[PDB]
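Chemist: Residue numbers (the UniProt record's numbering), protein chains in the order written: chain A, 518 to 699, 706 to 773; chain B, 323 to 436, 462 to 649. Handing you this structure, nothing more for now.
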């Protein structure tokens with residue numbers, strides 16, 4: 518098995534720049550990999566406070582006691598026992614799938630393929646991270662490993678859900694991570716002008732009415748929904764409440 | 323036999339290094355102590371690589387000659403009070419053991435093994476450890492004695508590591524009547540919730556204090572902290588004469604008035620203490636209540 522740690526160009530990921538010119542790897546090499554994790558750095562000062570706490574604790578004056586308690590309460594096990602357990606599990610068991618899991622995997626694969634196509638036809642360049650049959654094999658092997666962990670001679674929905682969750686995390690963090698990379708913008712400024720004039724601060728309107736009006740006009744549904752959700756993403760004038768029915772202008 | 327920490331189960335170098343009497347006599351917590359120890363080893367003639375081997379595999383000829391070597395060398399450093407006569411028990415081909423080693427193993431096994464709710468849990472694990480030590484007595488079990496020996500080694504190492512830090516930081520405050528020291532912060536504080544471990548630490552400290560040029564015999568008060576309960580565990584310790592002293596100045600052993608002082612202060616003021624130990628010289632006190640209490644103990648007749 519291959520485990521690789523790599524840095525992007527320009528050091529930091531630089532989300533402002535497109536993903537296509539942030540990763541220098543070709544399409545062939547990434548396809549062989551099947552879990553790619555984009556580890557971004559963030560500043561919110563609460564995770565920072567916690568991390569500073571953990572580091573100063575893990576300083577050798579303190580952690581040498583605390584970790585010992587993890588071997589006294591039975592919360593964590595020693596390294597060599599884990600080594601023996603993994604070799605025993607590798608030698609002993611080799612699970613198998615079930616037809617319901619096969620159907621669920623098929624439907625999930627069709628869904629992610631459709632989503633990739635819908636992103637590509639919008640961005641009109643090839644995706645820098647591909648989705649192919651090797652990824653289906655990847656999810657199958659992840660499920661197999663999950664079942665192998667508990668020595669169960671069969672894999673069921675409990676492991677399939679976890680495998681799909683991990684795959685969705687590792688694909689939404691990287692592939693569908695802002696696929697647009699930031706009619707052009709002319710309709711955007713026209714759109715923002717009218718709702719500001721027509722809709723004052725404090726009230727709300729139905730989504731269906733807005734969609735009807737701006738599909739009747741030249742804006743149409745494809746442009747309005749993205750514009751509406753980015754005005755939401757601006758997160759300074761418009762808020763959503765009560766499911767997707769209420770458009771609240773804070 | 324000699325006043326040596328696990329002589330027949332640890333290397334001779336570590337035995338001298340951890341022995342409390344040699345520590346007190348030669349101040350091994352700083353560099354000059356180690357230099358004098360190395361000088362002693364060289365003048366004896368044992369190599370530093372040889373002296374760091376297990377007692378079983380260490381050389382037979384010098385094992386035989388150890389008595390004469392000690393007799394001829396220890397006089398210059400004045401450690402001849404380390405040699406005594408003891409008891410050894412041998413069972414067939416199993417090996418050899420001595421009373422001091424066996425009791426140290428038992429003590430360590432008692433120490434380590436395996462608000463109100465936590466206190467009850469501690470007091471019940473103490474009983475569990477006592478029963479484990481009891482079961483360790485019989486001759487059909489030795490895996491409950493090897494573990495005790497290795498745990499004794501570990502506990503003595505931890506006690507030495509904390510004592511060197513105490514004497515380095517000079518936390519021992521010399522009041523007018525009694526010395527005082529408090530372990531506010533440091534490493535491995537969770538171990539010292541045990542009264543016997545605290546007494547072991549205090550015994551080493553009082554030995555070190557006695558083995559100095561000071562000519563004042565003052566009672567010592569030692570305190571700890573467990574952040575889970577936010578309470579201070581306090582034990583009073585009496586002074587001790589140097590071991591190599593004549594019997595004429597041994598008319599009466601030094602008494603302990605700390606229990607009486609504690610009970611009197613608790614009777615005259617409403618402190619938040621809990622005096623329930625069978626040893627009446629050990630009490631539990633509150634963090635906010637410690638300092639005024641101490642003041643009272645200072646101002647009271649001892």
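Note that beta-carbon positions come from the ideal geometry of N, C-alpha and C, so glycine has one too.
Taking Cβ-Cβ distances shorter than 8 Å, what residues in chain B pair up with residue 578 of chain A?
Modeler: If you number the first chain from 1, residue 578 of chain A lands on position 61. Ordered by position in chain B, the residues that pass the 8 Å Cβ test against residue 578 of chain A are 534.
Chemist: Put residue 762 of chain A into one of helix, strand or coil per three-state DSSP.
Modeler: Here residue 762 of chain A corresponds to residue number 239 of the first chain, with the count starting at 1. Residue state, collapsed to three classes: strand.
Chemist: Kindly provide the ranges of any alpha helix (DSSP H) runs that are 4 or more residues long and lie completely inside the stretch 361–422 of chain B, ordered along the chain.
Modeler: 382–399, all fully within the stretch 361–422 of chain B.
Chemist: Determine the DSSP secondary structure at residue 578 of chain B, reduced to helix, strand or coil.
Modeler: On the second chain, residue 578 of chain B is found 231 positions in, with the first residue counted as 1. Residue state, collapsed to three classes: strand.
Chemist: Check each candidate in A/559, A/549 and A/544 and name the one with the smallest Cα separation from residue 531 of chain A.
Modeler: As a first step, residue 531 of chain A is located in the first chain; it is residue number 14 there, counting from the start. Selected option, being the one with the closest Cα: A/559.
Chemist: Looking at chain A, is there any beta carbon in it that lies within less than 8 Å of the beta carbon of residue 537 of chain B?
Modeler: Counted from its first residue, the second chain places residue 537 of chain B at position 190. It does; some Cβ of chain A falls within 8 Å.
Chemist: Tell me whether the beta-carbon of residue 514 of chain B lies closer than 8 Å to the beta-carbon of residue 351 of chain B.
Modeler: Residue numbering aside, residue 514 of chain B sits at position 167 when the second chain is read from its first letter. Residue numbering aside, residue 351 of chain B sits at position 29 when the second chain is read from its first letter. Yes, the Cβ-Cβ distance between residue 514 of chain B and residue 351 of chain B is below 8 Å.
Chemist: I'd like to know if residue 754 of chain A contacts chain B, where contact means its C-beta is closer than 8 Å to some C-beta of that chain.
Modeler: Sequence index remark: in the first chain, residue 754 of chain A carries index 231 (1-based). It does not; no Cβ of chain B falls within 8 Å.
Chemist: Please look up how many angstroms separate the CB atoms of residue 538 of chain B and residue 530 of chain B, rounded, as I've assumed it's under 8 Å.
Modeler: Along the second chain, read from residue 1 onward, the residue named residue 538 of chain B stands at position 191. Along the second chain, read from residue 1 onward, the residue named residue 530 of chain B stands at position 183. That belief does not hold up - the Cβ atoms of residue 538 of chain B and residue 530 of chain B are roughly 11 Å apart, past 8 Å.
Chemist: For residue 527 of chain B versus residue 520 of chain B, is the C-beta spacing smaller than 8 Å?
Modeler: Position 180 of the second chain holds residue 527 of chain B. Position 173 of the second chain holds residue 520 of chain B. In this structure, residue 520 of chain B lies closer than 8 Å to residue 527 of chain B by Cβ.
Chemist: Please classify residue 340 of chain B as buried or exposed, where buried requires at least 16 neighbouring CB atoms within 10 angstroms.
Modeler: Numbered from its first residue, the second chain carries residue 340 of chain B at position 18. The residue is buried, with at least 16 neighbouring Cβ atoms inside 10 Å.
Chemist: From the DSSP output, in three-state form, read off residue 293 of chain B for me.
Modeler: The structure shown does not extend to residue 293 of chain B, since chain B is modelled only from 323 to 649, so the question has no answer here.
Chemist: Quick one: residues in its chain with C-beta nearer than 6 Å to the C-beta of residue 684 of chain A, no 5 flanking neighbours on either side, listed in chain order?
Modeler: Translated into positions along the first chain, residue 684 of chain A becomes position 167. Result list for residue 684 of chain A: 656, in chain order.
Chemist: Just the Cα atoms here: how many angstroms apart are residue 632 of chain B and residue 575 of chain B?
Modeler: If you number the second chain from 1, residue 632 of chain B lands on position 285. If you number the second chain from 1, residue 575 of chain B lands on position 228. Taking the straight line from one Cα to the other gives about 14 Å.
Chemist: Check this for me: beta carbons of residue 640 of chain A and residue 555 of chain A, under 8 Å apart or not?
Modeler: Walking along the first chain from the start, residue 640 of chain A turns up at place 123. Walking along the first chain from the start, residue 555 of chain A turns up at place 38. The answer is no: Cβ separation not under 8 Å.
Chemist: Skipping 5 residues on each side, what residues in its chain have a beta carbon closer than 6 Å to that of residue 615 of chain B?
Modeler: What you label residue 615 of chain B is simply residue 268 of the second chain in a count that begins at 1. Around residue 615 of chain B: no qualifying Cβ.
Chemist: Tell me the residue span of the alpha helix (DSSP H) that contains residue 686 of chain A.
Modeler: Residue mapping note: residue 686 of chain A aligns to position 169 of the first chain, counting from 1. Note, residue 686 of chain A: alpha helix (DSSP H), 674–689.
Chemist: Is residue 672 of chain A buried or exposed, if buried means 16 or more other CB atoms sit within 10 Å of its CB?
Modeler: Your numbering for residue 672 of chain A matches position 155 in the first chain. Residue 672 of chain A comes out buried.
Chemist: Assuming residue 590 of chain B and residue 399 of chain B form a contact by the criterion Cβ under 8 Å, report the distance between their Cβ atoms to the nearest whole angstrom.
Modeler: As a first step, residue 590 of chain B is located in the second chain; it is residue number 243 there, counting from the start. As a first step, residue 399 of chain B is located in the second chain; it is residue number 77 there, counting from the start. 15 Å between Cβ atoms; not a contact.
Chemist: Should residue 426 of chain B and residue 505 of chain B be called a contact, given that it needs their Cβ atoms to be closer than 8 Å?
Modeler: What you label residue 426 of chain B is simply residue 104 of the second chain in a count that begins at 1. What you label residue 505 of chain B is simply residue 158 of the second chain in a count that begins at 1. Going by C-beta atoms, residue 426 of chain B is not nearer than 8 Å to residue 505 of chain B.
Chemist: Between the C-alpha atoms of residue 626 of chain A and residue 653 of chain A, what's the straight-line distance to the nearest angstrom?
Modeler: The count along the first chain starts at 1 and reaches residue 626 of chain A at position 109. The count along the first chain starts at 1 and reaches residue 653 of chain A at position 136. Cα to Cα, the separation comes out at about 7 Å.
Chemist: Can you tell me whether residue 772 of chain A is helix, strand or coil according to DSSP?
Modeler: Here residue 772 of chain A corresponds to residue number 249 of the first chain, with the count starting at 1. Correct three-state label for residue 772 of chain A: coil.
Chemist: Along the alpha helix (DSSP H) that carries residue 663 of chain A, what are the first and last residues, could you check?
Modeler: Here residue 663 of chain A refers to the residue found at position 146 of the first chain. First-last of the alpha helix (DSSP H) with residue 663 of chain A: 650–666.
Chemist: Assign residue 462 of chain B to buried or exposed, taking buried as 16 or more other Cβ atoms, counted over all protein chains shown, within 10 Å of its Cβ.
Modeler: For this step, residue 462 of chain B is matched to residue 115 along the second chain. Exposed, since its Cβ has fewer than 16 Cβ neighbours within 10 Å.
Chemist: Using a Cβ-Cβ distance under 8 Å, would residue 582 of chain A count as near chain B?
Modeler: Here the question's residue 582 of chain A lines up with position 65 in the first chain. Yes, residue 582 of chain A lies at the interface with chain B (some Cβ there is under 8 Å from its Cβ).
Chemist: Using only alpha-carbon positions, find the residue among B/490, B/635, B/553 and B/646 that is nearest to residue 431 of chain B.
Modeler: Stepping through the second chain from its first residue, residue 431 of chain B is reached at position 109. Ranking the options by Cα distance to residue 431 of chain B, first place goes to B/490.
Chemist: So what's residue 531 of chain A in DSSP terms, helix, strand or just coil?
Modeler: In the first chain, residue 531 of chain A corresponds to position 14, counting from 1. DSSP places residue 531 of chain A in coil when its eight states are reduced to three.
Chemist: Look at the alpha carbon of residue 533 of chain A and the alpha carbon of residue 649 of chain A, and state the distance between them as a whole number of angstroms.
Modeler: Indexing the first chain from 1 puts residue 533 of chain A at position 16. Indexing the first chain from 1 puts residue 649 of chain A at position 132. Whole-angstrom Cα-Cα distance: 27 Å.
Chemist: Determine the direct distance from the alpha carbon of residue 711 of chain A to that of residue 773 of chain A, and round the result to whole angstroms.
Modeler: Locating residue 773 of chain A in the first chain gives position 250, counting from the first residue. Locating residue 711 of chain A in the first chain gives position 188, counting from the first residue. Near 20 Å, if we compare the C-alpha coordinates of residue 711 of chain A and residue 773 of chain A.
Chemist: Taking C-alpha atoms, which residue in A/720, A/742, A/680 and A/734 lies nearest to residue 708 of chain A?
Modeler: Translated into the one-based positions of the first chain, residue 708 of chain A becomes position 185. When each option's Cα is compared against that of residue 708 of chain A, the closest is A/742.
Chemist: Using the Cα positions of residue 497 of chain B and residue 434 of chain B, report the straight-line distance between them to the nearest angstrom.
Modeler: By one-based count along the second chain, residue 497 of chain B stands at place 150. By one-based count along the second chain, residue 434 of chain B stands at place 112. So the alpha carbons of these two residues sit roughly 11 Å apart.
Chemist: If you draw a straight line from the alpha carbon of residue 716 of chain A to that of residue 636 of chain A, how long is it in whole angstroms?
Modeler: Counting from one through the first chain, the residue named residue 716 of chain A turns up at place 193. Counting from one through the first chain, the residue named residue 636 of chain A turns up at place 119. Residue 716 of chain A and residue 636 of chain A: Cα-Cα distance of roughly 28 Å.
Chemist: Using beta-carbon positions only, say whether residue 346 of chain B and residue 558 of chain B come within less than 8 Å of one another.
Modeler: Locating residue 346 of chain B in the second chain gives position 24, where the first residue counts as 1. Locating residue 558 of chain B in the second chain gives position 211, where the first residue counts as 1. Going by C-beta atoms, residue 346 of chain B is nearer than 8 Å to residue 558 of chain B.
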